[PDB]
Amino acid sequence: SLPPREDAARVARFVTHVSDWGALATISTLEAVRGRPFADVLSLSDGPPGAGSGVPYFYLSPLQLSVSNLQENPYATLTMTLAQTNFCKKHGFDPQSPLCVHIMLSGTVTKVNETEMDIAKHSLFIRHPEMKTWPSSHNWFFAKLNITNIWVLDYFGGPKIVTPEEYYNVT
């Protein structure tokens, strides 16, 4: 269940963990829209049913537009909302109401290293069983968001700012 709204770090970890996907903002490298912000929908997982770590893992292909973008500028902002569940519908909260909790995680997106490759794979493949069947020729790699900044919109008033250290220090 949703953590107390005053505990922003806990709220962020709750929302990251319950999201199976989110929207990732990048800078376009396409010549026609070069330099303009771009948005895209990615599947994600921070871990299996009882062990969400807050780390957003992705499974990506060099063919993807967002990956072309990250090759030229690896900064990205991921946004997730509880409107992705039935939470907001059930409470009658408009998706734009800060009662319909949403968060933004910004940082850089990198290919996961050898040590973390097994946890990334397991986190992603358990949550997304279709990935096992994706086409091998598209050259899939495991990636992650390295979070440097966090905004939490869970009540009226400004965004609540949470440090990566505070976010990762949650159980």
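Heads up: residue numbers just count along the shown sequence, starting at 1.
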107-115 versus 137-145 - which carries the larger mean C-alpha B factor in the record: 107-115
On average, which has the higher Cα B-factor in the deposited entry, 36-44 or 121-129? 121-129
Looking at the entry's B-factor column for C-alpha atoms only, identify whether residue 50 ranks in the lowest, middle or highest third of its chain. highest
Residue 157: which third of its chain by C-alpha temperature factor? middle
CA B-factor placement of residue 66, once the chain's modelled residues are sorted into thirds: lowest
Sorting the chain's CA B-factors, does residue 96 end up in the lowest, middle or highest third? lowest
Split the chain's modelled residues into thirds by Cα B-factor; is residue 85 in the lowest, middle or highest one? middle
